């Protein structure tokens, strides 16, 4: 399933900065690289030195309460430009390498400038690290650290853009610096010039480790006027591989070739593609591709350049808006997207301000599409997981601001935090916007409420994702998809709602669980010691606490969730006076996509001993409701429903003996209580409300003291199809099959007319001409929380589905536009004593059972009919 972009909670790392040029992700220790810091700064001015401020990552430490990024001044430098880092001292701390003394601009280059230097990490978070000089070369513009001719030392490649003021035509030395055995002695680093290039504006590095053995040394990618270029060493010699020339020169315009270039991973190949921005500070985005079946990596292939976008014209000084391109697996599917850092433009224009995120949509043809991620100036981009231990990629940017050239307003640093859940305050209640679990490749955990001895945590899971829980203590309640675990009694599974009137324990009994093909969205009930211990004798004992992560907006963090006694709620209207009966609100969960559709509404309730939460039937508003009890004060509290008809039951003086009880014990959820058609569509009232019998929560009877409160969580789902009444036997495993009709000799198979993907393509029985048309393949699968199945074309995906309306003799077709709740594309299965299978639609109350059937005994068309048992028997051969 194509990977979806994740969501992005923005957060302001540093604001109102004087200026801004550079931002980098800085892992303090060089061993590990999760939750790094950010280092950022600007080019400074003649009046004021630039503070290279290292901002501390607050999420760097778990148990985090801060969102604030603490600024540590690493140093104070005359026009710094570029930087990188590596463990120079070989002590497991990262040391900063930085160039400075550039000049104020390319027409103000410092003759004795372009200094390259390293800042020694002292192992703690004091400011002002001892600085040392690596070396000088006028115009010094970019550098990277790695192992280029030797592995047993830190080496630095450094490259001036020009050598002197306004001189755009003299090329610069590509320089390599080498650590001594003892970098702590103030002395000059060994240097080599390894080529001369014109107007190099970016250096990119491909570590030896990423090349899956191809290269023992680090590869240098240079984006310049000469274009995009690859230099590498092999042990004996330097060689060069031209990737391309980039922008063709125009007359009068000193800039051509490239300003930035990055190497994209695709699958097993670390160089699936090289992306590029042209020229120096240009407006042109392009990508170099190589022919299908090329060798892995850069140098063994010939590269061709295709232009993707030109974001509009250049100004009189022949510049534009693109400062950088970088590569990163944003959506976490194993292919690298690339991000374009937009400086902003003049006049102002959002098309040219922010980050564009390009996604490789078609691997064969190398087609891309761009989405907008952020629309506030990006002078530089840095990527890294900035908030968790998993492999999400967050995006940090610094605003591009240089006085006397181009200034954006409120020059700042913000980071955009990858997440599959977002939290927004409405008023008293909260909005949890969620990704479709189906198409994320990321696990997301967000704690929200600490109540009744439990930490309520909203959790999204990618397909086939594992959640490591606490055996027998942890509990779950699935809201979308399915989860699964196994102990001594085999496999167990949890779906949005169990069997009508059933009861299921929420306690995971294994050390971990796993999500279904469709992933899962769930509430994990974690054990908490900060919210009391049952039994609960008072509401003061059940105070709940606001648990949202430091990185959620403040208005959400500042919210309290009091328990309000139902009698006092605005919707009470004189009702529930004198009842220890309380209610806590509340948490909307809705999909973050363009449907904005509801997943569930959640709120909470408590009942003292002898208390009835009142009988009702939900005529006021439409929902399929499932309760999960957390604490059962008496061991005997649960749900009652009336067995007599609605007319026959007085809700006010309720006769409990026209009622049946389901104890919902500690950490259990119960099955649906609403009325349902035989195959599990709900009954509907005249005002479009899920039809329910009279029902209520009743707490255990007896002495109100000592007190002992029931605590339960309401789950208000929109309509769906549940299980069948009565439950069919299980006569079919899902799997890929051929679906066939007939006997020993004369047989035919179910088929999608000319294998055609279009909605409304006919479905047929194709005679098995022993000439060799070959029987088509069908994927059959169970629908979770039902007793129904669907049949989907192995090849197109098309669902076997009766055309509208499902009556005696309707034609059958393939569709990707099924009706709500699978009304015409889900089937009840039987199996005769022969072994034949039958497929039936949700029975409507007028038309009888209608089966998937042939119509005779060239292609026979397919229909649903009720009349003949013979036409509807099918033999299932396993296919592939």
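Numbering follows the first chain given and starts at 1.
Missing coordinates between residue 857 and residue 858 amount to 4 to 9 residues of the deposited sequence.
Per-stretch averaging of Cα B factors for 437-445 and 725-733 places 725-733 on top. Between the stretches 321-329 and 758-766, it is 758-766 that shows the larger average CA temperature factor. Across the options 225, 675, 557, 745, the residue with the most elevated CA B-factor in the record is 745. Residue-level inspection of the entry shows that, of 741, 605, 692, 255, 741 has the top Cα B-factor.
In this PDB entry, the Cα temperature factor of residue 842 sits in the middle third of its chain's modelled residues. The PDB entry assigns residue 293 a C-alpha temperature factor belonging to the highest third of its chain's modelled residues. Among the modelled residues of its chain, residue 73 has a C-alpha B-factor that falls in the highest third according to the deposited record. In the deposited entry, the Cα temperature factor of residue 821 places it in the lowest third of its chain's modelled residues. When the CA B factors of the chain's modelled residues are split into thirds, the value for residue 247 lands in the middle one.
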